[PDB]
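First comes the structure, then the notes that go with it.
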Amino acid sequence: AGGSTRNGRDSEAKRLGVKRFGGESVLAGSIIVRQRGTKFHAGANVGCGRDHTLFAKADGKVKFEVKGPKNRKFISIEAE
Amino acid sequence: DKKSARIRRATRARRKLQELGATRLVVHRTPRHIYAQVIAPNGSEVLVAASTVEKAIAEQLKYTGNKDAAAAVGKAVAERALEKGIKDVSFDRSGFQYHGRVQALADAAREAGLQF
Amino acid sequence: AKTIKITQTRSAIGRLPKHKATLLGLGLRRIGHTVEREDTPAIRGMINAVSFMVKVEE
Amino acid sequence: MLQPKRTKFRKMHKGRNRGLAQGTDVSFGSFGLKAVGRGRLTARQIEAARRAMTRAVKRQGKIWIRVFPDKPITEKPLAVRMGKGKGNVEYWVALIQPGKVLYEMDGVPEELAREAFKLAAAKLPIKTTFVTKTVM
Amino acid sequence: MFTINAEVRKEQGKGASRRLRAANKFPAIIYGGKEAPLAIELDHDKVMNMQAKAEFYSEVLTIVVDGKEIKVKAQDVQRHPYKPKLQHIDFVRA
RNA sequence: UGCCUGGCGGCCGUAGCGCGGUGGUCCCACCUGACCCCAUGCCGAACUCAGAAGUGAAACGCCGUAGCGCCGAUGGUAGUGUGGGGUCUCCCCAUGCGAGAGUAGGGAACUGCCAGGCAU
RNA sequence: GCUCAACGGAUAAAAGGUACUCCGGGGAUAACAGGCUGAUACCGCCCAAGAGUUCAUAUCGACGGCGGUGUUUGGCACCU
RNA sequence: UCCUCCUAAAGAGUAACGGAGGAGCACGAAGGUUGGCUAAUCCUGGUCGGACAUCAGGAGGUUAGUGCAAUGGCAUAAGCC
RNA sequence: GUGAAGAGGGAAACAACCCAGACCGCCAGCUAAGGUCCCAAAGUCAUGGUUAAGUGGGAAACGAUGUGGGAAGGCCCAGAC
Ligand SMILES: [Mg+2]
Ligand SMILES: [Mg+2]
Ligand SMILES: [Mg+2]
Ligand SMILES: [Mg+2]
Ligand SMILES: [Mg+2]
Ligand SMILES: [Mg+2]
Ligand SMILES: [Mg+2]
Ligand SMILES: [Mg+2]
Ligand SMILES: [Mg+2]
Ligand SMILES: [Mg+2]
Ligand SMILES: [Mg+2]
Ligand SMILES: [Mg+2]
Ligand SMILES: [Mg+2]
Ligand SMILES: [Mg+2]
Ligand SMILES: [Mg+2]
Ligand SMILES: [Mg+2]
Ligand SMILES: [Mg+2]
Ligand SMILES: [Mg+2]
Ligand SMILES: [Mg+2]
Ligand SMILES: [Mg+2]
Ligand SMILES: [Mg+2]
Ligand SMILES: [Mg+2]
Ligand SMILES: [Mg+2]
Ligand SMILES: [Mg+2]
Ligand SMILES: [Mg+2]
Ligand SMILES: [Mg+2]
Ligand SMILES: [Mg+2]
Ligand SMILES: [Mg+2]
Ligand SMILES: [Mg+2]
Ligand SMILES: [Mg+2]
Ligand SMILES: [Mg+2]
Ligand SMILES: [Mg+2]
Ligand SMILES: [Mg+2]
Ligand SMILES: [Mg+2]
Ligand SMILES: [Mg+2]
Ligand SMILES: [Mg+2]
């Protein structure tokens, strides 16, 4: 008999990711992306939350696009 | 250098008005002249413009780069904007201090009828 | 009207759920079941998916 | 015995050893000992084959060793049950794919390199072959 | 001088290239210049003998396809990883 | 309509660096001065103001240039979904998808609105 | 206002012994033995640096490598 | 008990007495806003002054920084006055 | 995915492998995997090769003028071995 450990821990999965994909009609206020940083960025009619959560300010379809000189990923709600 | 730092100093409010959809008045300031232009919310085309490089404005003046020139410019651009029916804009200082010729321009445009 | 005969030639016991749904979409029920379906790309795609266990007769 | 001086981490998963190799061509020297089989070597097997060819050339010529054992291998002690943590690091291996050039050599004739690489290959578990520098 | 006889590949891809190397052949491609790239197939043992010389990889070679000689050069060759065989050769039009 | 320049964009390196050359009517830049508006945890350096003697030195812009950066096929290779097989720690066959790296090559950006100057 | 931290918190409030022991149950779970396996062990073999006056292979055989048996120490916990 | 990464098989999730690290706070400014600014390191020169204080220039271009672990972010700075 | 909760045919026998999903009955027929000399249903089928080891019908490093096939080479009727 003998042994021990120091590596038993881990935390809970925060269920991040993209909740609504492109071309997917949403209501205003619908959470699109949960994320830590700004892996994505807020485009038109899209707000950024306290925790960098991307939510829709309006209704319509999701448009993923790459803009800017840094080729950053912007999320916009197209009108519909 | 100085040009780049002025742009860095301006590109926050420019992107903010870009997402606000704001019709925006752009001031540009030189030691000799001062420029103004009213830009559509797409940022790709203008509506009205005024300067101290124009003869119709510059010939009534002593020096093109003083506050009296800047007020005459903000008055002219306001009278052109109201001629075209543009009334509510948002003033982009373009990285300058709201002071001096810039302040005298915006105060002239407010007085002539623009709303910001 | 560009219609073809499809005949199930193998069993569907240990097969995938997706292949069982494909055979249901074709309307095949048992082995040797010859069915008559139109010729669309969607039909040809299901036949592509289960080509090992059907036999298409044009 | 080759061994990394520092490692970012002390232990490593067992992994797999599938795929073909990359160090295929004889880069530096003229003659090469190419692996044909698959498996893992060690620092002892490497150092024994180095000794066998250094002695077979009488320290004449130059020998490159293309591989390096960077994978730690753990073992549990005798009479220890299967739980209670990962075993202790015992030795270091290099994963060998087919096509990997293991050694290179020049400054010697071809036949001497053949007999040297044969004396080295007798210490190695995997099946090898002899290769030369190909133009292009 | 090396004269190589070739044939235009009737079909391409991974399954075909494996199947040629089964039938003692190997593909190659002629490219360069304004002319379109040409997907050929070679006999393996002839070219494997011819390539043992550095003359092969230095001189200008004549490839006969459809009775049409093409003076090329050996740009790059993919070899078998542990067998003395050839996978594929790039030929640049001289 | 042509050329040049300034401003705002589009696009985000085939758009960037480097090297060489070149520009001052206007514009721009440096530049002159500062009692004042305003400013310096000291300093008119910057910010700002009043200006216009000088210079395009720097900066900027333009032109050129393949030392790079960048882009980049074709074919093949790797992988792999399904089905099947073997000598089954790993591979093969049919079929479908099909890289990365590398090669040839491309490549010294393109474009919109307004305004001004000189020519026409 | 609780290190109720045994952190969805049994109570405001709680440690041990039993070879004097007992009941309900379990091969869901251990000791013996069997089984699987064969790390270890044992028995072979490969290369041959060297020792053997010279001479690798009379006898040994370093560094390292491949197997066999099921025979030890063990692993698992499939039978009871 | 809670957090971070891997295992985790390119959505989410996913176990072991699996591999590695932390938390049980702090801040009345270390918050808000307006305005402005932009690092690490090295090189040269320079009083005490030295590998290393402060000062001036240059390279570099975030290799720094983030109240604390790690990851993801951060120049429009979320970094610094 | 199967078993569990699923019989049948095959793998000698062999829950979990291969084929295939049993309403009942029939002294009817076609097939799957797997097979066709006899036990034991069906080819002592055909054509062309290989093996001499009962390999098939258990196993490695390594060793060897076993044998079949292919491509090339260097000596050779100026006489090779
Ligand atoms: Mg395939
Ligand atoms: Mg220059
Ligand atoms: Mg000044
Ligand atoms: Mg100059
Ligand atoms: Mg391709
Ligand atoms: Mg590619
Ligand atoms: Mg460029
Ligand atoms: Mg240039
Ligand atoms: Mg409790
Ligand atoms: Mg609990
Ligand atoms: Mg007693
Ligand atoms: Mg009892
Ligand atoms: Mg049991
Ligand atoms: Mg015992
Ligand atoms: Mg036991
Ligand atoms: Mg055994
Ligand atoms: Mg052992
Ligand atoms: Mg002797
Ligand atoms: Mg011996
Ligand atoms: Mg030994
Ligand atoms: Mg026993
Ligand atoms: Mg035992
Ligand atoms: Mg169990
Ligand atoms: Mg028993
Ligand atoms: Mg996931
Ligand atoms: Mg997944
Ligand atoms: Mg802060
Ligand atoms: Mg700010
Ligand atoms: Mg110093
Ligand atoms: Mg059954
Ligand atoms: Mg059965
Ligand atoms: Mg059996
Ligand atoms: Mg039976
Ligand atoms: Mg059959
Ligand atoms: Mg019979
Ligand atoms: Mg016969």
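Residue numbers (this note's numbering), protein chains in the order written: chain A, 659 to 738; chain B, 1420 to 1535; chain C, 63 to 120; chain D, 74 to 209; chain E, 247 to 340. Where a beta carbon is used, it is the ideal one built from N, C-alpha and C, also for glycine.
Using 8 Å as the limit for Cβ to Cβ distance, is residue i near chain E?
{"i": "residue 194 of chain D", "result": "no"}
{"i": "residue 93 of chain D", "result": "yes"}
{"i": "residue 107 of chain D", "result": "yes"}
{"i": "residue 208 of chain D", "result": "yes"}
In whole angstroms, what is the alpha-carbon distance linking residue i and residue j?
{"i": "residue 121 of chain D", "j": "residue 146 of chain D", "result": "19 Å"}
{"i": "residue 114 of chain D", "j": "residue 279 of chain E", "result": "48 Å"}
{"i": "residue 104 of chain C", "j": "residue 684 of chain A", "result": "30 Å"}
{"i": "residue 185 of chain D", "j": "residue 202 of chain D", "result": "15 Å"}
{"i": "residue 180 of chain D", "j": "residue 87 of chain D", "result": "39 Å"}
{"i": "residue 317 of chain E", "j": "residue 296 of chain E", "result": "16 Å"}
{"i": "residue 294 of chain E", "j": "residue 321 of chain E", "result": "16 Å"}
{"i": "residue 1436 of chain B", "j": "residue 1511 of chain B", "result": "9 Å"}
{"i": "residue 126 of chain D", "j": "residue 325 of chain E", "result": "27 Å"}
{"i": "residue 116 of chain C", "j": "residue 261 of chain E", "result": "24 Å"}
{"i": "residue 1455 of chain B", "j": "residue 1534 of chain B", "result": "16 Å"}
{"i": "residue 264 of chain E", "j": "residue 92 of chain D", "result": "17 Å"}
{"i": "residue 1423 of chain B", "j": "residue 1429 of chain B", "result": "10 Å"}
{"i": "residue 309 of chain E", "j": "residue 206 of chain D", "result": "26 Å"}
{"i": "residue 1463 of chain B", "j": "residue 1440 of chain B", "result": "13 Å"}
{"i": "residue 735 of chain A", "j": "residue 1427 of chain B", "result": "28 Å"}
Identify the contact partners of residue i in chain A, using a Cβ-Cβ distance below 7 Å as the criterion.
{"i": "residue 157 of chain D", "result": "661"}
With residue i and residue j assumed to form a contact (beta carbons below 8 Å), what rounded beta-carbon distance in angstroms separates them?
{"i": "residue 1443 of chain B", "j": "residue 1509 of chain B", "result": "5 Å"}
{"i": "residue 327 of chain E", "j": "residue 171 of chain D", "result": "6 Å"}
{"i": "residue 1469 of chain B", "j": "residue 1431 of chain B", "result": "With a Cβ gap of about 25 Å, residue 1469 of chain B and residue 1431 of chain B do not count as contacting."}
{"i": "residue 168 of chain D", "j": "residue 144 of chain D", "result": "6 Å"}
{"i": "residue 112 of chain C", "j": "residue 66 of chain C", "result": "Wrong, their Cβ atoms sit about 14 Å apart, outside the cutoff."}
Is the beta carbon of residue i sitting closer than 8 Å to the one on residue j?
{"i": "residue 690 of chain A", "j": "residue 708 of chain A", "result": "no"}
{"i": "residue 118 of chain D", "j": "residue 196 of chain D", "result": "yes"}
{"i": "residue 671 of chain A", "j": "residue 717 of chain A", "result": "no"}
{"i": "residue 68 of chain C", "j": "residue 90 of chain C", "result": "yes"}
{"i": "residue 1457 of chain B", "j": "residue 1492 of chain B", "result": "no"}
{"i": "residue 286 of chain E", "j": "residue 274 of chain E", "result": "yes"}
{"i": "residue 130 of chain D", "j": "residue 189 of chain D", "result": "yes"}
{"i": "residue 1503 of chain B", "j": "residue 1532 of chain B", "result": "no"}
{"i": "residue 108 of chain D", "j": "residue 199 of chain D", "result": "yes"}
{"i": "residue 720 of chain A", "j": "residue 680 of chain A", "result": "yes"}
Can you name the residues of chain D whose CB is closer than 7 Å to the CB of residue i?
{"i": "residue 291 of chain E", "result": "Chain D residues near residue 291 of chain E: none, gap ~17 Å exceeds 7 Å."}
Would you say residue i reaches chain D, if we count a Cβ-Cβ gap shorter than 8 Å as a contact?
{"i": "residue 277 of chain E", "result": "no"}
{"i": "residue 340 of chain E", "result": "no"}
{"i": "residue 327 of chain E", "result": "yes"}
{"i": "residue 268 of chain E", "result": "no"}
{"i": "residue 300 of chain E", "result": "yes"}
{"i": "residue 322 of chain E", "result": "yes"}
Could you tell me which chain E residues have their CB closer than 7 Å to the CB of residue i, listed as they occur along the chain?
{"i": "residue 97 of chain D", "result": "327"}
In chain E, which residues lie less than 8 Å from residue i when you measure between Cβ atoms?
{"i": "residue 202 of chain D", "result": "328"}
{"i": "residue 171 of chain D", "result": "327 and 328"}
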